[PDB]
Amino acid sequence: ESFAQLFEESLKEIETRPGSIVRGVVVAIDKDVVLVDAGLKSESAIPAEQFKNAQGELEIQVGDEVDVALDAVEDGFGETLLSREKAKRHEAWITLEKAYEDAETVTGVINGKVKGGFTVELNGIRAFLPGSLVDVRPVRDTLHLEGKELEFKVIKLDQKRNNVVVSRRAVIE
Amino acid sequence: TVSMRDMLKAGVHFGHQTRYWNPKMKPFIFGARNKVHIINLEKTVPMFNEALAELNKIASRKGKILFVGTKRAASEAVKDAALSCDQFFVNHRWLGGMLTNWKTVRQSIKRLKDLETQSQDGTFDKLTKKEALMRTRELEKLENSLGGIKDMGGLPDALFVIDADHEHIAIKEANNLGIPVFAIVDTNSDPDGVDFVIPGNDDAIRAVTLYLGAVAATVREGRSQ
Amino acid sequence: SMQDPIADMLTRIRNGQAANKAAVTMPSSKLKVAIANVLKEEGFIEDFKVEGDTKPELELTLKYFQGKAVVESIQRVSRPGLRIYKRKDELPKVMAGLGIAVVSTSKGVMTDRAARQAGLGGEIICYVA
Amino acid sequence: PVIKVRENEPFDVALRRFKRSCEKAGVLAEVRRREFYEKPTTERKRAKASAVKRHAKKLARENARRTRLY
Amino acid sequence: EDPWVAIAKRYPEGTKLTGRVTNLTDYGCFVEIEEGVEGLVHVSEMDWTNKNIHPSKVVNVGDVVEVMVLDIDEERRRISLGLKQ
Amino acid sequence: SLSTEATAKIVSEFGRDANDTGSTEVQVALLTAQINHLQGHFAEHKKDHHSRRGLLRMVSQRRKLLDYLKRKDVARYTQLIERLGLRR
Amino acid sequence: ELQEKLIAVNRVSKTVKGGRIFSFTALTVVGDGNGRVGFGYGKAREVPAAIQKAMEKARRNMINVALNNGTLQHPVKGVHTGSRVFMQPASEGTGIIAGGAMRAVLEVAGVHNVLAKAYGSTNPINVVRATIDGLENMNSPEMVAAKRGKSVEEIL
Amino acid sequence: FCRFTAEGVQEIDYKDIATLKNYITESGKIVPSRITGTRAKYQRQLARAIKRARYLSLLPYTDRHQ
RNA sequence: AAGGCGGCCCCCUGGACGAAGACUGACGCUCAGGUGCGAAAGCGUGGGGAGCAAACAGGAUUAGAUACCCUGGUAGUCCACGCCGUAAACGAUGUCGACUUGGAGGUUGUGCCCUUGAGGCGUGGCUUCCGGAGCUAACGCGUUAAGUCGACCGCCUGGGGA
């Protein structure tokens, strides 16, 4: 009745556009295609490569839930943009968390600068930062044991274009 | 028989994007959420029920049902549905003029049957390796094409379809013949050829399965009756 | 410019019939209203409804039997360019009596048969079949 | 396309850069265009024709793409 | 407005970047990440074979890679990145 | 075009209410003034054909208005044509 | 019970590397002497085969026509391509006053009494089609009554 | 991705030379609205401004000339 | 309005569209004769003349080459004021009004919305492409009709001769 109208605005209320609400249950796996169903018009053709973690093999069987992304609808047949970007928002949230206590702490390990800032990698992803950010002072991680364990202390981020240079070693600082 | 909540869960209410719609599906559409068309479940359900009833009735008079779905996502499922109620199906590409040109296709069917017999019942073996291979290939081809309809004998007395726009050839053939059509018709599709239109999501797998299952059940019921 | 309102109305009706429109709205006029009434009486439309005070809108509700439209044909006969007046003996028979011919007579607008019965002819507005 | 060879820059690299600059400018193309007089009509025709071609490439081909080749 | 006034940050000759590719247009790959810009890495570098390469075979779709500028025009917004480095 | 102030003045004089503006007579007056203004322009610029088209149109409109006035109410028309000095 | 009239047979050519390949088209029409009519257009390298094909075609895809006794129910126009056709019901005894292809279709249909002119083109195939269309569209009194929500005596 | 829509400028200024300089070539030419992604309405204005500047010797007509 | 109109600045000037209101109160549509505007070439008188270039000249090419190609080159193209009144002056589609499924754009307004951002939801004008019903000999046209109608005008009646 208006049961359906109310149900429609209800279902509007219990979804959003980006990859935010972890809703798609993995309902068929086959190499090399994962597929979910986050309450969209169709199922995603997911790559396998948005879902293997840091050494190459899969992590999620049937029933498992990751949100994907949206705002792009119908290229002919199908639904989404990939859930891996989803993950980027989570990374952004952790980076943002720094602001609260003026110190985000994880592990950052930066061996070298492709473009003037050591590369830092957090969990699966690896990011590039401007040259200063890698070291607090002039210490330089070239003399440090290769691909060393610290955290990342942030030196510089570009806030629009995503480049983040983070602070290896020197826990005291 | 099939509830609204279940349908919703499945994802029947979802349709195609607004730019790909057909304006003949404007009655069956409710609204457009996130630039994607939403099918009206209030109008869908009764129609669906009616269709089911019709199917049951057909079954009751010993009607032959044909299940068509060549999407390749729900090819596995449609076959299963067909087999549950021991009815016929076309899960791979519909041969142009399967029904209209039955008399030619009946020869093909016969050939296929013969091949099968040779493979299984004969137990002769001792065949030239290339020739044998060729034969096998032929058999495979036939099975893929006409596996479900090999025991159909004549023409079916009704035609269930998973997508109207995709299987338009089949639908057209049915129309030409005068076989009742029971099509699942998304917002992009054309409902004019279809007798018993079912407004619903052709694309989503779970929805398709749901559509199949109820139909199968109804057929079984009819048979029992 | 708008020169023939009745004709326009007829055209609108025809288009509605073609396009499977449930109801057809237009600016109201007395003659138009009369015509609508006549049609209703003869059973080509379901109902008509005028609505408004300053500029009222006549809304006809079209009829559909077994899918297809009821008003199979609907032509103006008299028209501003060239008027048609018939005497009671010269009054036509549309579709050999199965259709109707709206004719405006001294005793109001009526179907051709009605006019004949009365014993009077007049301006032939439109054939409807 | 004015260019200056940077300190300790190779010749070949410089040449390449120059070429790139020229390309960007569209100088050669411009020269080619102004070699002979194009009637206005002809110019119009080319522009419209080209546009049409572009449109064809964009949409019709896209439609084709939807359907698989084999 | 926003990327193009002070386009001197990743400029100077060879500043390496990490950028996700977007669409490979059979002459190109279109890696573009740094806050609303467009890069190409077209077909000539990409590898250490020139012409027979077909970029869809050789890298990816949607993947963050090794790329640096090699060239900026801040005027006809064509930053022409590379990948053979 | 005719300057706003001038237009207002014209309206006030000929219009009964002064807020009216659309009175036939007022309209005619407005047209007439514009025509007068454009005469000067067109003496100077004889080849300005496009502009002259507009003037012609305006004139036609004025004529039409006058005609309308005549059939409706003769005395008023007469008065108007005395005021403006329109030969017809 | 069904009567079948071959209206026309026409030789049609296809030019090939060698020369001209000829073939034959047969236009037939069949009817049961009541409402049911159907035309068929068959084609083959030899005439008889073509005719047979046409007949076969005709026999399927027939069409019903409401006939008030021996004649039509009202004057009816029918058009198809060039051929535009007028046919008018007529009094018992008058016979089928109609020309060519048109006549044949009428005869099979079991109209006995018509006044029928073919305006425009008289290309048999088109004209027969036109005639068929005309017949098809033609509604009966009962049908009209049903449509309009009235009795037959209200319509007269 | 137009700048002038976002800034929300009423009219582009020929005096604002720096801004103009982003939309002009290394060779002096005005840059296409495909490349810059400038809105059509604004683009024309920008062009006009550039032209004005060139007249006032604020911008150069071309790189070579002297 | 069509013909057409392209650096920048100023002066004079015509139209279009939107936003709300306020006013006038059918004043409208179409138009035989009539009047005007009307590319290019062309004409007249007076200026101008860089480039380009009918004509013309030479050099090639060729069987010939009163052409194509090359080297030159005068009317003309440019300006002023007159005349000419035609073009595949084409959308080969008269003007005005009404009505009839859709999609993807472009351009130019304008209302609301947290512009939380380049956006979101509308609503007007002009415009490019695709396509439905319908129409069409077919090709195709398809809310900018070649659909469904009304008003007025123009025009056609076998090819040639013309």
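Residues numbered from 1 in each chain as written, not as in the entry; some residues may be left out. Chains lettered and ligands numbered in written order. Part of a larger assembly, values for the part shown. Heavy atoms only, no water. Residues with missing side-chain atoms left out of burial classes, pairs and counts.

- Its PDB header names cryo-EM as the technique used to obtain the model and reports a resolution of 8.9 Å.

Let's talk about the overall build of chain A
Argument step 1. When helices and strands are tallied, chain A shows two helices and nine strands.
Argument step 2. Going from N to C terminus, chain A has its helices and strands arranged as α-β-β-β-β-β-α-β-β-β-β.
Argument step 3. For 173 residues, the compact-globule estimate of 2.2 N^0.38 gives 16 Å, and chain A exceeds it by more than 25% at 20 Å.
Argument step 4. Seen along its three principal axes, the alpha-carbon backbone of chain A occupies a region of about 70 × 35 × 25 Å. (Helix = DSSP H or I, 4+ residues; strand = E, 2+ residues; numbered from the N terminus. Rg over C-alpha atoms; globule rule 2.2 N^0.38 Å.)

Quick look at the layout of surface pockets
Argument step 1. Quantified by volume, the second largest pocket comes out at close to 1,700 Å³.
Argument step 2. Forming the walls of the second largest pocket are 42 residues, and the residues nearest its centre are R17 and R20 of chain D together with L70, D71 and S80 of chain E.
Argument step 3. When residues of the lining of the second largest pocket are assigned to their parent elements, the largest contribution, nine residues, is made by helix α1 (residues 11–25) of chain D.
Argument step 4. Partitioned by chemical class, the residues of the lining of the second largest pocket number 18 nonpolar, seven polar and 17 charged. (1 Å grid on protein atoms, 1.4 Å probe; cavity = no way out; pocket = protein on both sides within 12 Å on 5 of 7 lines; lining within 4 Å. Points joined across faces, edges and corners; volume = space filled by probe spheres on them. Nonpolar A, V, L, I, M, F, W, Y, C, P; charged D, E, K, R; others polar.)

Some details on the interface of chain B and chain A
Argument step 1. Taken together, the contact pairs 19 residues of chain B with 21 residues of chain A.
Argument step 2. Listed by contribution, the elements that provide at least two residues to the side of chain B that touches chain A are α1 (4–10), β1 (14–17), β2 (29–33), β3 (36–39) and α7 (205–224) of chain B.
Argument step 3. Counting residues per element, the side of chain B that touches chain A draws most heavily on β1 of chain B, which supplies four residues.
Argument step 4. A per-class count over the side of chain B that touches chain A returns nine nonpolar, five polar and five charged. (Contact = heavy atoms within 4.5 Å.)

Quick notes on the protein's contact with RNA strand I
Argument step 1. Within the structure, RNA strand I sits among 52 residues, and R14 and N15 of chain C, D20 and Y68 of chain F together with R52 of chain H are positioned closest to it.
Argument step 2. Backbone atoms, meaning sugar and phosphate, make up 85% of the atoms of RNA strand I lying within 4 Å of the protein.
Argument step 3. Within the side chain of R44 of chain H, an N or O atom sits 2.7 Å from a phosphate oxygen of RNA strand I.
Argument step 4. The contact in question runs from a phosphate oxygen of RNA strand I to an N or O atom on the side chain of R52 of chain H, over 2.4 Å.
Argument step 5. A total of twelve residues in the surface near RNA strand I trace back to one element, the largest contributor, which is helix α3 (residues 49–72) of chain F.
Argument step 6. The residue makeup of the surface near RNA strand I, split by class, is twelve nonpolar, 20 polar and 20 charged. (Near = heavy atom within 4 Å. Polar contact = N/O pair within 3.5 Å; in protein donor to acceptor, adjacent residues only side chain to side chain.)

Comments concerning the packing of aromatic side chains
Residue and element names in this part refer to chain B.
Argument step 1. Here the structure, examined in full by the defined rule, presents six aromatic pairs over all chains.
Argument step 2. Both rings, one in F182 and one in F196, keep their centres 4.8 Å apart while their planes meet at 5 degrees; by these two values the pair is stacked. Taken together, the residues span a long stretch of sequence, with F182 in strand β7 (residues 181–185) and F196 in the loop between β7 and β8 (198–199) at a distance of 14 residues.
Argument step 3. Judged by its relative accessible area of 0%, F182 falls in the buried class. (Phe/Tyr/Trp six-rings, centres within 6.5 Å; stacked < 30°, edge-to-face > 60°. Buried < 20%, exposed > 50% of the residue type's maximum accessible area, 1.4 Å probe, protein only.)

Section: a positive patch on the surface
Argument step 1. Taken together, the side chains of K53, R54, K57, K58, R61 and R65 of chain D, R78 of chain E together with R34 of chain H present a region of like positive charge at the surface.
Argument step 2. Per-element tally for the positive patch: the top contributor is helix α3 (residues 40–66) of chain D, with six residues.
Argument step 3. In this structure, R65 of chain D sits in helix α3.
Argument step 4. Its relative accessible area of 59% is what places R65 of chain D among the exposed residues. (Patch = residues over 30% accessible without salt bridge, like charges linked within 9 Å, V, L, I, M, F, W, Y side chains within 5 Å. Areas by Shrake-Rupley, 256 points an atom, 1.4 Å probe, with all protein chains shown as cover. Salt bridge = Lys/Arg side-chain N within 4 Å of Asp/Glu carboxyl O. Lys, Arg positive; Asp, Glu negative; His and termini not counted. Charge placed at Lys NZ, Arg CZ, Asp CG, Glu CD.)

What about the nonpolar core?
Residues and elements named next belong to chain B.
Argument step 1. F48, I65, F67, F160 and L212 are the most contacted members of the largest nonpolar core, which has 34 residues in total.
Argument step 2. Elements with a contribution of two residues or more to this core: α1, α2 (41–60), β4 (65–68), α3 (75–84), β6 (158–161), β7 and α7.
Argument step 3. If near-sequence neighbours (up to four positions away) are discounted, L212 is found in contact with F67, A77, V78, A81, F160 and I162.
Argument step 4. Ranked by size, the runner-up nonpolar core spans 32 residues in total, among them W102, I149, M152 and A183. (Core = buried A, V, L, I, M, F, W, Y, C linked by side-chain atoms within 4.5 Å.)

Things to note about the side chain of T187 of chain B
Residues and elements named next belong to chain B.
Argument step 1. Tracing the chain through its elements places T187 in the loop between β7 and β8.
Argument step 2. A residue is classified by how much of its surface remains accessible, and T187, at 1% relative accessible area, is buried.
Argument step 3. A distance of 3.4 Å separates the side chain of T187 from the side chain of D186, its partner in a polar contact.
Argument step 4. If we skip the residues at most four places from it in the chain, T187 touches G15, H16, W21, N22, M25, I29, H37 and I39.

Focus: the packing of helix α2 (residues 24–44) of chain F against helix α4 (residues 74–84) of chain F
Residues and elements named next belong to chain F.
Argument step 1. Contact geometry of α2 with α4 gives a least axis separation of 11 Å together with a crossing angle of 25 degrees. As summarised for this structure, α2 and α4 are arranged roughly parallel, according to the angle between their axes. In this structure, α2 crosses over α4, and the sense of that crossing is right-handed. Contact residues: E25, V28, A29 and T32 in α2; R76, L80 and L84 in α4.
Argument step 2. Residue composition of the contact of α2 with α4, grouped by class: four nonpolar, one polar and two charged. (Axes fitted to C-alpha atoms, helices over the stretch in contact; angles between N-to-C directions. Parallel < 35°, antiparallel > 145°, perpendicular 65-115°, else oblique. Left-handed = near helix turned anticlockwise from the far one by under 90°.)

Looking at the arrangement of the chains
Argument step 1. Interchain contacts are distributed over eight pairs of chains, and the most extensive set of them lies between chains A and B.
Argument step 2. There is no contact between chain B and chain C; across them, the least C-alpha separation is 11 Å.
Argument step 3. Between chain F and chain G there is no contact, and the shortest C-alpha to C-alpha distance separating them is 48 Å.

Topic: the environment of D71 of chain A
Argument step 1. Within the element layout of this structure, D71 of chain A appears in the loop between β5 (65–66) and α2 (83–101).
Argument step 2. A sequence separation of 63 residues divides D71 of chain A from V134 of chain A, and the C-alpha atoms of the two residues are 36 Å apart.

Focus on helix α2 (residues 101–109) of chain G
Residue and element names in this part refer to chain G.
Argument step 1. With seven of its nine residues buried, α2 lies for the most part within the structure.
Argument step 2. Taken together, the buried positions of α2 are occupied by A101, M102, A104, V105, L106, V108 and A109.
Argument step 3. Two residues or fewer past α2, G110 is found with a positive phi of approximately 85 degrees.

Focus on the packing of α2 of chain G against helix α3 (residues 124–137) of chain G
Residue and element names in this part refer to chain G.
Argument step 1. One can describe the packing of α2 onto α3 by two numbers: an axis separation of 8 Å at closest approach and a directional angle of 40 degrees. On the basis of the axis angle, α2 is oblique to α3. In this structure, α2 crosses over α3, and the sense of that crossing is right-handed. Packed against α2, whose contacting residues are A101, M102, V105 and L106, the element α3 presents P124, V127, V128, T131, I132 and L135 at the interface.
Argument step 2. Class assignment of the residues belonging to the contact of α2 with α3 gives a composition of nine nonpolar, one polar and no charged.

Description of the side chain of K147 of chain G
Argument step 1. Note that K147 of chain G resides in helix α4 (residues 141–148).
Argument step 2. From its side chain, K147 of chain G meets the backbone oxygen of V70 of chain C in a polar contact 3.1 Å long.
Argument step 3. Beyond its immediate chain neighbours, meaning those up to four positions away, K147 of chain G contacts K63, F65, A69, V70, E72 and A129 of chain C together with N139 of chain G.

Remarks on the sheet that holds strand β2 (residues 28–30) of chain A
Residue and element names in this part refer to chain A.
Argument step 1. Strand order in this open sheet of three strands is β2-β3-β4, and the pairing throughout is antiparallel. Strands at the two margins of the open sheet, each flanked by one partner only, are β2 and β4 (46–47).
Argument step 2. As judged from the two bridges shared by strand β3 (residues 33–35) and β4, these two strands associate in the antiparallel manner. Residue pairing for β4: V34 is matched across the bridge by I46. (Pairing = 2+ DSSP bridges.)

Side note on the sheet that holds β1 of chain B
All names here are of chain B.
Argument step 1. Sheet architecture is open: three strands sit in the order β1-β3-β2, paired in antiparallel fashion. Two strands close off the open sheet at either side, each with one partner strand: β1 and β2. The average undirected angle you get between the axes of adjacent strands in this sheet is 30 degrees.
Argument step 2. Here four bridges tie β2 to β3, and the two strands are oriented antiparallel to one another. Along β3, the bridge assignment pairs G31 with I38.

Concerning unusual backbone geometry
Argument step 1. Note that the residue after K31 of chain A, namely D32 of chain A, is joined by a cis bond; omega there is 15 degrees.
Argument step 2. One can find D32 of chain A in the loop between β2 and β3.
Argument step 3. With a phi angle near 60 degrees, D102 of chain A is a residue other than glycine that sits in the positive phi range.
Argument step 4. With respect to the helices and strands, the residue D102 of chain A is situated in the loop between α2 and β6 (119–122).
Argument step 5. Positive phi is not limited to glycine here, since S57 of chain H has a value of about 60 degrees.

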